[PDB]
Amino acid sequence: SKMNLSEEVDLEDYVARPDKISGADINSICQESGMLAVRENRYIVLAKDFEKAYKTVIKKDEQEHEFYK
Amino acid sequence: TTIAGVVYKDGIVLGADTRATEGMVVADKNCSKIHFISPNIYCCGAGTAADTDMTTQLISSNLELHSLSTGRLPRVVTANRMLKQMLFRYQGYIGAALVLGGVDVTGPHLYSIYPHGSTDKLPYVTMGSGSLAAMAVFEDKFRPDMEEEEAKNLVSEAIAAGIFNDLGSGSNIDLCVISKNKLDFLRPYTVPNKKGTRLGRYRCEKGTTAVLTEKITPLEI
Amino acid sequence: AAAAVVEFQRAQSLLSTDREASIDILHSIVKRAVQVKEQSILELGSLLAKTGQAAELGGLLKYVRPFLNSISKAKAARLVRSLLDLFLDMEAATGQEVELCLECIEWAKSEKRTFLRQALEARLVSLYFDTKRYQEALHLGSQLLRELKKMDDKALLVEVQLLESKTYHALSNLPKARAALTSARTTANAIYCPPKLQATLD
Amino acid sequence: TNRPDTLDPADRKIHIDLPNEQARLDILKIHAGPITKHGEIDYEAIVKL
Amino acid sequence: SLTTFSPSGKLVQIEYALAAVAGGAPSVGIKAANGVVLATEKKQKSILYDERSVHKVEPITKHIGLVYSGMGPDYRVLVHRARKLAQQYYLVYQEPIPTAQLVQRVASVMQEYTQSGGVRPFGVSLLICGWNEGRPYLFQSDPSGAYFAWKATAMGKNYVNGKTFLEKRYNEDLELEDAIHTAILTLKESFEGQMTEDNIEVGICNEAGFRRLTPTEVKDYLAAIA
Amino acid sequence: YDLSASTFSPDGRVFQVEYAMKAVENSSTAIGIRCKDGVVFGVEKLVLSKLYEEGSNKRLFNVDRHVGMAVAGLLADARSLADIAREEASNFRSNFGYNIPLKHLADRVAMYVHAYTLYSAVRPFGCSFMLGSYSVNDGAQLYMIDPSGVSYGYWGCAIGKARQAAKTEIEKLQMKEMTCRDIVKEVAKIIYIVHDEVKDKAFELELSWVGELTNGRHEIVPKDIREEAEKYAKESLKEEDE
Amino acid sequence: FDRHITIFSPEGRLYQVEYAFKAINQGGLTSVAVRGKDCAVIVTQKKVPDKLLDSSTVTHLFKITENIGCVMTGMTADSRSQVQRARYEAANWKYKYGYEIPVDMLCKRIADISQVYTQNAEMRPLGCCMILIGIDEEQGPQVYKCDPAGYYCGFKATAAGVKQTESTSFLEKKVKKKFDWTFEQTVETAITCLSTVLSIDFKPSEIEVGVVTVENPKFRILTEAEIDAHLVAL
Amino acid sequence: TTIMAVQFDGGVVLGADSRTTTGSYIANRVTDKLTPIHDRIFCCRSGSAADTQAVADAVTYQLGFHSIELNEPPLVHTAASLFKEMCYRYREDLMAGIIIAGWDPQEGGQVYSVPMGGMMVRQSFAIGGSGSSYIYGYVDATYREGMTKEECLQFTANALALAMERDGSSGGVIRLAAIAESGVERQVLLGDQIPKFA
C-alpha cells in the first residue's frame, strides 16, 4: 500500500502462488522490485519487477535430484 | 495342414484349415491353426502342430513384452525377424511352417516363414500340404489391392480347394480379418463339412458290465 | 463433431450479437456425439444462468437424469455439480426446487457418490434455511452432521456448522447458535483459506 | 564470504563467478598495462586459452 | 555387504532403504468393491519436462497395474522383471499370473537381490493392484521383500497421515468412483501447489482390466472434486 | 577416500586416474608432429645406467606396417599397451583385409584403458602414449592417449615431463605445411632444447617417422639421418647459447 | 560405508550417485537442446586449446544411427564409452526388430545399464550425461536426456552442464511464449539461449550445432558455413 | 537361381532373376536376390534361402555398425572380407554363394566374388546361381572391356534372360540395380523389356 503499485500488480495471485516465503522475504521482494523499477527508471512498480524480485529473492534451492528422490 | 494369407487393399485376411494330424489320424477337428501373435498380428501354422503352437506362443509373448515396453503397437517386420532368426538357429528340426501377418502403423504386412526360417516378403502366401491348391487359386484370381468381401471369398475358395484336394487338411475354416482398427476372428468362418448326421440311436440298455471292485468315496466339500 | 463445433462457434457469435438466437441454437443442439451433447448442455446451462431463465433448469435436470450417466461418463458428476453450483449461486431463489432435490437424491440409484450425495443434501438444507424453513433445516443438518461426523473437516463441515448456527440464531435462541459458532470456528481454524466460507463465518 | 553463514536473510546477495568470459581478456590487458613489449601488442595467444 | 546385522537383530541397510522410500514420491491406493484405484504425485520440476514420457503408473498385464514410491530406476528394473516373471507364468500357465503369485515372486526377487554381497537392495515400495478372479486385490511390497494385502494405503512423504486419513475415510460399501474421489482427495491433502491435471498420474483396475486414466479424465476428476 | 577406482571423490573426481597421470609425470618426454605427408616421433631416452646398450629398450614401437607409437611412463604398461594395439590391429586386418584406420585403432585402445580405469579389481595404466600413422587415402594422422583414455587427433603434440615446453615449441612451427625431412631436424632440436643435462647427466635421442617417403611404413630414422639431425640439434643448441 | 559404489546412507542419499552428478557438471562444458514444431536442434560449446586439435577429431556430437544424433556432457572417456555402447544397442535393435530403435528405447536401454552400474557395487556410475535427438513417426522432433542415475526424461527443451539450471529457466521463459516455432525460430532460440547463459559472442568455430528435421530424418552437424550464416543473420 | 554383376567406370550394375524354387513350388516369384547392405553395396545370394538371408543380415548389421563407427562410407572390400570370413568359418554349415558389388570413395566401383566356399577374387564380372554354367562361357566370350552404363545394363539383361530361358530353376522377372554416386537405381524387366533370343 505504501509502495507506488500499478493496476497490473496481480498481488492476489502472487500470494496465491505456493511458496515458503516469510515476511522478511516479502519485504525483500518489494524492495528489490523497486530497485529494478529504479534501475529501468520506472515510476510505478510492475508485475515484471515483482516477478524478478520473486526469482532473485526466493527459490534458488535445488539438488533434490530426481534419482536422489 | 493348409494356411493362407492375403493382403487386401487395406489390411490382411488370414484363413486356416482346422485339423491336427498326430500321425495318420485326425487328432482334432477344430484345431486353432490361427494364433494371436499381438494385438494387430496373427500367424497361421502348418506341419507339426505342437511346434507351430509353441513357437507362435513364444513369439507372441516376446512381442507383447515389446509392445508393453513401447506403449506402441508391435510390427510385422519385428515378428518376422524373430521368426526367421530362431527358425534358422534351429537348423530344421522344427516342423512348424508359418504364415505371419499383421497391420501396424506402416500399413499391412504378410510374410511366409519356412521351417528353416527362410523369409520371402510376398503380398499373398500359403503353406502346408494344401498350399499348392491355394497358390493355384490365388494366381488364378488375385490382383493387387483387393477389397474386403471378395478377398475373404477368394481366400476361402483357396482354403476350400486345399481342403478338397489335400489329405490331412481341416474339416472347417477359420478366418481372421486384421485392419488398423478391427481384429475379426471368425472361428470357424464356414464349415464345408458339417457332420455325417448320425442315424438312429444305437446305445446299450441299463446294465452291461458288472464291476469287480468299487471304491466310491464321498470327497469332502 | 465438426458440425457440433460449427454450431458452437455460431452460438458464440450469436451470444455476442443477439443472445436469443444463440440460446435457441444451444437448445436445439441439446435436444439433438456424446461430447457434442455434453457440451451443448454445458453452454445451454451457462446461457440460461446468464439470461436468468432458470425455470427450465428443473425440467432439464428431470429429463436428463434418466440418461445423465447412461449416455456416458458415470463421472457426469461434472455436469451435475456444475448445474447445482450454478443454481445455488443464483441467489434470486425464485420458485422451483420443489421435488427437484428430492428427485435428485433419488437419482434412480445411479451415481451412489457418497460425497456428492452429502453435498447435495447439505445444499438442500441451506436452501430450506433460505426458504424460512428452519426446523426442517435443523433436523436434516443434525442428521447430516451425525452421519458424516468423521472428517469433512474444513469446507463442507464448516458450511453445515454455519447452517446450524444460523438456524439456531433464527429459532433455537442464541445460546445454541453461540455453541455451534464456537465449534465451527475451532473446526475451521485450519481451513485452506476459502474466502467465501471465511466471509460466511465472519 | 561463502554460504555457511548462520541465518542472515532479509540482503542483496550477489554471486561472483571465478571464471570470466572475455573480461578475462580484459583483466589480462589491464595487467599488461605495464610497459609495452616493444612491438606486437595482441593478446590473442593467452586470449585463446 | 548387507549381512552386517547391528547388535540389535535388525538390518540397518533395509532400515535406511525404508527411510529413503519414505522420502519418495507420494502415492495412494484404494480398493473398491468392483475395482481398485491407484494415484501418485507426478509433479515434474518444470513445464520443460515432457509430461508424457516418464510414466509413473505401469500396466504389467492387461489386468495387473503397478505403481511405486521411491527410486525411479529401481522401479523400472523391478517392473521390468515383474513383467518378465508374470510373462513366463503366462507361458507355462496359459493364464495371467494371479496377483498373489506375482507379488510373491517380486518380493522373492527383492529378497534374493537382498541376500548377496555386491547388491544394494532396491529403494522402492510398490503398490501392486489386480482384478484376478471377481475380487480386487491390493498389495504393498516392501524393500525387505514383504508383501502385505491391503484395503487402502498411502506411501511416500506423508504416508502416515495418508494411512490414518484412509482409515477414517474407507467403508466397505464404496464404489470405484468414490474410491477415485478418495484417492484424489488424499493426494490433494498431501500435495503442494495446484493439481495441474497432467502433474498427477492415476490408474484404475476393474473388470475392464487395469488402465491408466488419460490426462482428459484426470483433468475432469480434478476440476470436479477440487 | 582416494584409494579405489570406485571412490568418486565428493567433488566428482576419481582420484586413481589423477594418480595415474601423476605417475605418467615421471618419464622423460615423448614428442611427435604430424607433417602434411606423415608423422615424426622423437623421444629423450635416458640411459639410466652407463652399462646399458644402444639398440635396447625403446619408448617407440611399430603396430602394423602402417602405424607407429611412442610411449612415456611406466615402461611395463607401455610394452603391454604396445603389444595390445598390435593384436587389435592384427585382428582388424584379419576381419576386413586392410590396414586399420588410426582413428578406430585409437578408439579401441582408448576403450581398453577406459575399462581398466572403470573396473575395481584392477588399476589404470601408468603410462601415456601417442599413435602416428600415414596413408594416401587419409593423409597423415596423429593421436594421443592418456590413462583416462582420451583419444584426440592432434596436428602435433607430446607427453611426459616437458610436455608443456614440447607443446610451446610445437606451436612455434608451421606444422601445417612442412615435410618429414625438416620436421625431423625440428624434433631433434625440440628434444635437445627441452633436455635438462644439469639434471639427467646421460641421455640419448631416439627418433623415427612414418610417411609417404616410407610408403606409409613406420621405421626408425636411418643412422645417417639421425646423426645429421643430432648434429643440427647440437648446432642449434650452440646458437641458442650464443 | 558410503565409499562403496551405492550403499544407502542413514536416510538413503546415494552419495556416490550424487558425486557422479557432480562429475557430470564438472565435465567442463555445456550443451542445450530444443525440439521445434517439426525440427529439433542442439548446440554445445566446443573449445580448441593450444590451437592444435580442431577438425572433426575433437568434438562431442555423435551420430548414434543414421536417424539419431546425440550429445555428451562428461568425462570424455566415459561419454565415448556410453556413445559406443548405445551404438551397439541401436545396431542390435535394428538387427533384432528390423526397424530403427526409437529414441525412447535407446535412452531406456542406456538408463537401465547405468542403473545396473549403480545397483551392483562393482561398476562405477560413469560420469556423463547423454542426450538423444531423433524423429518419430507420430512424435516428430523427439528429444530425450538420460543420466547415469537412470532417468531417461524427455524435455521439449533440455540442457546439460554447469549452466543446466540457468539454461532451463531461460528455456522455460522462452517456451512460455508460443512454443510453436519453425526451424529458423528453433535454431535461433537455442543459439541465443546458449549465448545468454554463457555471456559470450560466438564465432562459428567454437561450437557444435546438430539438427534433425521431419522432412530430413538425418542428424546433421551443420558445417561452419551454415553455423556462421545463422550467427551473422541473427 | 541366376545372377550376374558387372563393373563399369565409376559404378557397378547387378542383375538377378526373380525365382527361388525347391525343385518345384516356385514360391517367391519376385525374389529380391539383389540386396542393399549399408548405403550402396549390394549382395547377390545363391543357394539356401535361409542361410543366405541369415548371413546377409548378419553382415549387414556388422557392416552398418563398422560404418557408423568410422563415420565413413563402407568399403566394398570390407564387405567382401566379412562375407569371406563368415563363409570360410561356417563352410560346413553354410550352403550358399554370394557376390558383392558396390561403390566407395577410395576405390569406387568394386565387384567381389565369394561363391559357395568363401574364396575371394576381385574381378571385372561375376556369375552365380544354378544357371551360372550356361552363361559363364557366353560372358567369357562376349564380354568386352570398356562397357558403359547402358551397355552393361543390356549385357546383363541378355545374359540373365538367356540363363532364365535355358534354366528351369530360374524364371520370372529380371531385377537390375545400378550403383554409383547417383545412389542405387533398381528397375525390373517384367515380360517385354527382357531380351528375347529365339
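Residues numbered from 1 in each chain as written, not as in the entry; some residues may be left out. Chains lettered and ligands numbered in written order. Part of a larger assembly, values for the part shown. Heavy atoms only, no water.

For this entry, the PDB record names cryo-EM as the structure determination method and reports a resolution of 3.9 Å.

Backbone hydrogen bonds hold the strands of a sheet together, and the pairing may be parallel or antiparallel. All names here are of chain G. As summarised here, the arrangement of the 5 strands in space is β8-β1-β2-β9-β10, forming an open sheet in which the pairing is antiparallel. The open sheet has two free edges, formed respectively by β8 (157–161) and β10 (220–221), since each of these has just one partner strand. Here strand β9 (residues 207–213) pairs with β10 via 2 bridges, running antiparallel. Across the sheet, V211 pairs through a bridge with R220, a residue of β10. Of the strands in this sheet, β1 (30–35) and β8 touch helix α4 (residues 164–176), which is tilted by about 165° from β8. (Pairing = 2+ DSSP bridges. Helix = DSSP H or I, 4+ residues; strand = E, 2+ residues; numbered from the N terminus. Contact = heavy atoms within 4.5 Å. Axes fitted to C-alpha atoms, helices over the stretch in contact; angles between N-to-C directions.)

A few words on the pattern of salt bridges. The full count for this structure, using the stated rule, is 50 salt bridges over all chains. Linking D220(E) and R78(C) is a salt bridge whose minimum nitrogen-to-oxygen distance equals 4.0 Å. Of this pair, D220(E) sits in helix α6 (residues 215–225) while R78(C) sits in helix α6 (residues 77–89), which puts the two residues in different chains. Residue class for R78(C) comes out buried when judged on its relative accessible area of 6%. Connected via shared salt-bridge partners are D107(F), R108(F), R80(G) and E69(H). (Salt bridge = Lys/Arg side-chain N within 4 Å of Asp/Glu carboxyl O. Buried < 20%, exposed > 50% of the residue type's maximum accessible area, 1.4 Å probe, protein only.)

Tallying the contact residues gives 31 residues for chain G and 26 residues for chain E. Summed over both partners, the interface of chain G with chain E comes to about 2400 Å²; 58% of that surface belongs to carbon and sulfur atoms. Of all residues in chain G, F8(G), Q115(G) and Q119(G) give up the largest surface area on contact with chain E, accounting jointly for 29% of the area buried on that side. Here chain G and chain E share 1 salt bridge between them. Inspection of the region where chain G meets chain E yields 11 residue pairs in polar contact. Elements represented by at least two residues in the side of chain G that touches chain E include exactly α3 (103–119), β7 (152–153) and α4 of chain G. Of the residues forming the side of chain G that touches chain E, the biggest block, 6 residues, is contributed by α3(G). Of the residues contributing to the side of chain G that touches chain E, the split by class is 15 nonpolar, 11 polar and 5 charged. (Buried area = accessible area lost by both parts, 1.4 Å probe. Polar contact = N/O pair within 3.5 Å; in protein donor to acceptor, adjacent residues only side chain to side chain. Nonpolar A, V, L, I, M, F, W, Y, C, P; charged D, E, K, R; others polar.)

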